[PDB]
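Notes to accompany the following structure.
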RNA sequence: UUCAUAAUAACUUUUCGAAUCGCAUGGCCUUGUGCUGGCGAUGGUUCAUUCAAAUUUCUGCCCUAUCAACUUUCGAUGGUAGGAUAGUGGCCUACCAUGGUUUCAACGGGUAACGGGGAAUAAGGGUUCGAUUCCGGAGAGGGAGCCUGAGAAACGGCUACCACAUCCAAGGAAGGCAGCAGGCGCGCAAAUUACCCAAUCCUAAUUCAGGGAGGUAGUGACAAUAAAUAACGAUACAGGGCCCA
RNA sequence: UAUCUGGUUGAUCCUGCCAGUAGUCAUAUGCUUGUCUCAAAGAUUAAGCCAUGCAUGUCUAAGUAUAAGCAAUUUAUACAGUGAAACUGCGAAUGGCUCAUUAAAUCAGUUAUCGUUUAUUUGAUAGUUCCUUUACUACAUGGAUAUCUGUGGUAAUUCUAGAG
Ligand SMILES: [Mg+2]
Ligand SMILES: [Mg+2]
Ligand SMILES: [Mg+2]
Ligand SMILES: [Mg+2]
Ligand SMILES: [Mg+2]
Ligand SMILES: [Mg+2]
Ligand SMILES: [Mg+2]
Ligand SMILES: [Mg+2]
Ligand SMILES: [Mg+2]
Ligand SMILES: [Mg+2]
Ligand SMILES: [Mg+2]
Ligand SMILES: [Mg+2]
Ligand SMILES: [Mg+2]
Ligand SMILES: [Mg+2]
Ligand SMILES: [Mg+2]
Ligand SMILES: [Mg+2]
Ligand SMILES: [Mg+2]
Ligand SMILES: [Mg+2]
Ligand SMILES: [Mg+2]
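Protein chains in written order, with UniProt numbering: chain A, 2 to 135; chain B, 2 to 261; chain C, 2 to 183.
Spelled out as C-alpha cells, the structure:
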C-alpha cells in the first residue's frame, strides 16, 4: 500500500572515519515497523551505497506510528566498516560471525586457577603423576 | 587519603563541558597536562559532543590512534589530553582547524579557522626565571617553556609561539588601553580594552575592563589574557564578537530570529 | 550511582480535607470536565499556584526592574502559548487571577468536546484514551494534555483510526464474519 | 628574601651525562660496506607544569555548671641549640624561663555526632534531619609496627599480640565478605550465588586485554511520573421553562 | 491558597494543654495492586559473625622468545607470523564499601608554601664524561642470574629445595 519515504536529517560528511553520520527519518503509514534490513537494502540509491557499509542504529518508533527516527552510518568501504564498527553491530548486520568465548564466570574461574598456580602445566602434571603413584 | 585521584565522576566534572549528567556516571578526567584541570578541556569531551564527530569512546579512540588528530604540533596518542586556552587543533582530514577559545557565555565554542591563523598560538607569560649557566627562560600559560626570549618580557605579557618550533616571533606588552580576553570566573569570555590597573601588595591584583557597550567589569590578573591593540585582535573571535550580552538582548535576538 | 534523577511532587493536597465548599467546587469541576482523579484538579491547582508564586515574587520587585521585565514577560508568553490568558490580558495582575476553570478548559479532554467530535466529555475522554485523537499527525492518549493555541485548529481524528478513516474495528469484523456465515 | 642565578675554594664509599628497541632505508665519495641522514617508541639528571600532597592562616560547630578552674609526673607555654623530617615547627632531645586557656563558657561529661553541599517543611524569621547518589574525611575484626614504591602506616601487602573461628594423617597451615552477590545472626527493618564489558569510564607495554568500577535485567506498593476500569444509543413513566392553564 | 476546629463549665470568657488536621526525598507495617517512563533497597539493631564463587591485572610495528606450541603462504636461516608461560617495566595507594571513632579535630569557604616533595603528561634540557692529557681507553659494543628439561620431598596452598 505504502512504499515508505526515507529522508535523512542532520547529515555530517565525517572524514575522520570516512563514514557518513546522519539521522535516519522513516515514514511508514499503515506499515508495522521499518524492518531495518529493508531500510539497509533501500540505502543504495541514496548515497551510492552497498549492503555491507550501510549501518543503522537506534530506530525507536515514534508514538502514534508512521514516523520513526534512527541513526545511520554509511562507510566508504566494507574494509572501512570492518575496522571502525563495533563487532556486535557487524554480527547483527550479518558480516562478521558471532564471536564465541565462554560464560564470563567460567573465564573468571579459569583466570583464578591460573593465578593459584605457577608454570606452564607440564611440571604440575608430573607432580600429579608422582602423587598418583605415591 | 593514600594517593592521587585517577577516576572522575560525571557530576564532579567542571561545568563548561556541559556533559550529559544522566547518560554515564564517570566523566573523562583529563590526564596530567599543560593547563589546570579546571581550565582545561579534554579531547573526548570535545570530539564526541562539541563536534559530534564521534558517538562513543571506542569511536574516539579509533579517531585518535589512526593519527589524523593533531593538537599544537604533535599528535597526542592518548584520549584524555588537556587542551585549554588558545590551543590549536588541526585535523588532517579536510584540514578542519580549530583554536580553543571561549565564547560569550563561557563555553569552548567550535571556532573553525584556516591554516593562516592556525599556525601560531598565543601564550600568557606565567614567570621569567634565569636558569642554569645564566639563561633567561619564559614560561607559557600552557606549562611550556621557551629559553632565550626578548629581555623586555615581564609577567602578564602575551607571546606568539609558531608551533613548528618553540620560538617567539612577537609579544604584546601589558598596557592599560590594550584589548584583552577574560578566561575565568563569573565574567568569562568577555572582551575589553583595560581601563586601569590596581597594583596591590601581597597577592591578588585587579584590573578594570571596559567593553564596546560601556559596561565596566573588574577582574584578577590570573584570568586576564592580552590579545593585542584596541581595535585589532590577533585571534578571530567567536560569533557575536564575544561580548557578554544582556538577557533582554538575548531574548530580543531569539524573538527576531524565527527564520526557517 | 547516577545521581541527578529528581522526582517532583506535581500536586498539592488541601490542608483541610472536609472543608465542604471547596470539595463541592472540586466535584462540580470534575462533573463539568470529566475527571477520574481529584489529583488532576489538584495537579492543575498546584501548577497554577506555582505560577501565582512566581508572579507574586515578580511583583515584590519594583516596576520596570530587570527581573520583572524578563521573567514576568516570559511567563506571559508561556501562558499565551498554552492559551488560557487573553491577548488583551498581559499585565501580571491577570496572571495572579487566572481562576482554576480555564486550565480545565484548555486541555484535550475539553478541547475535543469544545468543537464537537464527541458530544460528551466522558465520550471525549474515552476517545482520547483509545488513540483516535491526533494533535496534528501524532497520536495523544493523554486527557489532561493541554492544547496550545497554535495546535488549536489541527486537533482531529488520527490517520490510523475508525470514524476518521483507515479500517473497521473489532466488532465490525465480527459482524462481517457473521454475515459471511449465516 | 641570604630568591633565581653567577663566581671562587674545595668536597663526595663521585649522582647522572643512552653499551637500548621497531618501522624506514636514502644522500654523496677518497668505493671503505665509509661518513652521513629521516621519522618513531622507551630511558635518563635539571627546571617549569598539571595530577597532586602534606602542612597552613583567618572565620564558623550539637547538647549540658548535677563540668569551676585547667595543662606542666610521662612538653603544658616560650626561648636557645641541635636531632629528626621532603620541608616548617615541642615534631623530639638538651638546657633555661613560668607561663599558656577561661564566666565573651577554658577544661571536663555526653551524643541515638562522620563534616559540608544539602533534605523535608508552602508569608517572613526559622525548625528538624542529613548513615545515603557529589565533595572532603575517616576505618578496613581490635590495636600495634613496618616493606616495596613517586605515592600507602595499604589492608583483595606482609609482621606480631588480643578476640572470634576454619583443615589436619595433629606434626602444622591459611586466616579476614564495611567489594559484589550469598548465608547465619540480630532485629520493627532491606533484593538474584542472574548476564555483559556494548555505553560510561579509568589501568596496562597498550585501539585489541581486562574491570560484579560500571551497566542490563529478576525481586521490588521506597517515593515520584502518567493515566483504563467504560462510551454513546433508540425507549417508557415523571420532571424544568412554557402555545394556552 | 500567612487559616485552625473538638475537649475543663450548668452555661461564659480566658489561660492552657490534650486531641484532630496536613505533609515527608522518614521508616515499619496492614489488607487490596490492570497498566506505563523512572528506580531507593542490611544505614538505624551488632564497624556482629561469616561457607563457597568472583571483585587488578597487563604486549604493541617496537623490553626480553630455540614453548620439544600452533603456524605457513606467498615475503621469512641471525631472527622476521601470531603467541601462551615466566622475568624486566609499569599498575595494583584509583574505584567500590562503610560511618565505629572523631566536637575547633574533621569540615566548609578562605589564604599561603618566600616553609616543602611531586612517578606520570606537557615543554625545554648534559657539545665540556677520561686523567699527567703520544704509545691509551671494548664505542664498528663488557661479565654471572631466572622461565623451561629432569630429581623430587610433602595430608595440604597464589608453599617450592637440588641440578643444568
Ligand atoms: Mg629548630
Ligand atoms: Mg552534622
Ligand atoms: Mg552526608
Ligand atoms: Mg548510625
Ligand atoms: Mg567486621
Ligand atoms: Mg593495619
Ligand atoms: Mg583496597
Ligand atoms: Mg591474601
Ligand atoms: Mg554483601
Ligand atoms: Mg521495606
Ligand atoms: Mg557494583
Ligand atoms: Mg511487581
Ligand atoms: Mg507560623
Ligand atoms: Mg459537661
Ligand atoms: Mg498532635
Ligand atoms: Mg550492620
Ligand atoms: Mg609480573
Ligand atoms: Mg578512595
Ligand atoms: Mg559513631
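Virtual Cβ for every residue (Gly too), placed ideally from N, Cα, C.
Quick one: give me the first and last residue of the alpha helix (DSSP H) that residue i is part of.
i	result
residue 116 of chain C	109 to 116
residue 226 of chain B	Here residue 226 of chain B belongs to no alpha helix (DSSP H); instead the beta strand (DSSP E) covers 225 to 227.
residue 124 of chain C	122 to 130
Are residue i and residue j touching if we call contact CB-CB under 7 Å?
i	j	result
residue 73 of chain B	residue 61 of chain B	no
residue 76 of chain B	residue 122 of chain B	no
residue 324 of chain B	residue 156 of chain B	Residue coverage of chain B in this structure runs from 2 to 261, which leaves residue 324 of chain B outside it and unanswerable.
residue 41 of chain B	residue 107 of chain B	no
residue 44 of chain C	residue 11 of chain C	yes
residue 229 of chain B	residue 180 of chain B	yes
residue 73 of chain C	residue 99 of chain C	no
residue 118 of chain C	residue 146 of chain C	no
residue 43 of chain B	residue 29 of chain B	yes
residue 24 of chain A	residue 11 of chain A	yes
residue 56 of chain C	residue 97 of chain C	yes
residue 239 of chain B	residue 110 of chain B	yes
residue 211 of chain B	residue 193 of chain B	yes
residue 173 of chain C	residue 135 of chain C	no
residue 245 of chain B	residue 105 of chain B	yes
residue 94 of chain B	residue 69 of chain B	yes
residue 13 of chain A	residue 29 of chain A	no
residue 46 of chain C	residue 81 of chain C	no
Cβ of residue i less than 7 Å from any chain A Cβ?
i	result
residue 48 of chain C	no
residue 143 of chain C	no
residue 83 of chain C	no
residue 140 of chain C	yes
residue 259 of chain B	no
residue 69 of chain B	yes
residue 84 of chain B	no
residue 64 of chain B	yes
Determine, using beta carbons only, whether residue i comes closer than 7 Å to chain B.
i	result
residue 4 of chain C	yes
residue 119 of chain A	no
residue 30 of chain A	no
residue 85 of chain A	yes
residue 104 of chain C	no
residue 91 of chain A	no
residue 71 of chain C	yes
Would you say residue i reaches chain C, if we count a Cβ-Cβ gap shorter than 7 Å as a contact?
i	result
residue 71 of chain A	no
residue 125 of chain B	no
residue 115 of chain A	no
residue 246 of chain B	no
residue 65 of chain A	yes
So the beta strand (DSSP E) residue i belongs to, where does it begin and stop?
i	result
residue 138 of chain B	136 to 141
residue 124 of chain A	Residue 124 of chain A -> not in any beta strand (DSSP E); alpha helix (DSSP H) instead, spanning 123 to 134.
residue 59 of chain A	55 to 62
residue 124 of chain B	122 to 132
(message) Below 8 Å, how does it come out for the region 17 to 24 of chain A and the region 37 to 47 of chain A: are there three or more Cβ pairs, yes or no?
(response) Two segments are said to touch when three or more pairs of C-beta atoms, one from each, lie closer than 8 Å; by this definition the region 17 to 24 of chain A does not touch the region 37 to 47 of chain A.
(message) Any contact between the region 114 to 133 of chain C and the region 166 to 174 of chain C? By contact I mean 3 or more CB pairs, one from each, below 8 Å.
(response) With the cut-off at 8 Å, the region 114 to 133 of chain C and the region 166 to 174 of chain C do not touch.
(message) I'd like to know if the region 136 to 150 of chain B and the region 27 to 44 of chain B are in contact, where contact means that at least 3 CB-CB pairs between them fall below 8 Å.
(response) By the Cβ criterion, the region 136 to 150 of chain B is in contact with the region 27 to 44 of chain B, since at least three pairs of Cβ atoms, one from each stretch, lie closer than 8 Å.
(message) When you compare the region 41 to 58 of chain A with the region 72 to 83 of chain A, are there three or more beta-carbon pairs, one atom per stretch, that lie closer than 8 Å?
(response) Note that the region 41 to 58 of chain A touches the region 72 to 83 of chain A; at least 3 beta-carbon pairs, one per stretch, sit closer than 8 Å.
(request) Decide yes or no for the touch test of the region 137 to 145 of chain C against the region 57 to 69 of chain A: beta carbon pairs closer than 8 Å, at least 3 of them. (result) The region 137 to 145 of chain C is in contact with the region 57 to 69 of chain A.
(request) Would you check if there are 3 or more beta carbon pairs closer than 8 Å linking the region 23 to 31 of chain C to the region 244 to 261 of chain B? (result) Cβ pair count under 8 Å is below three, so no.
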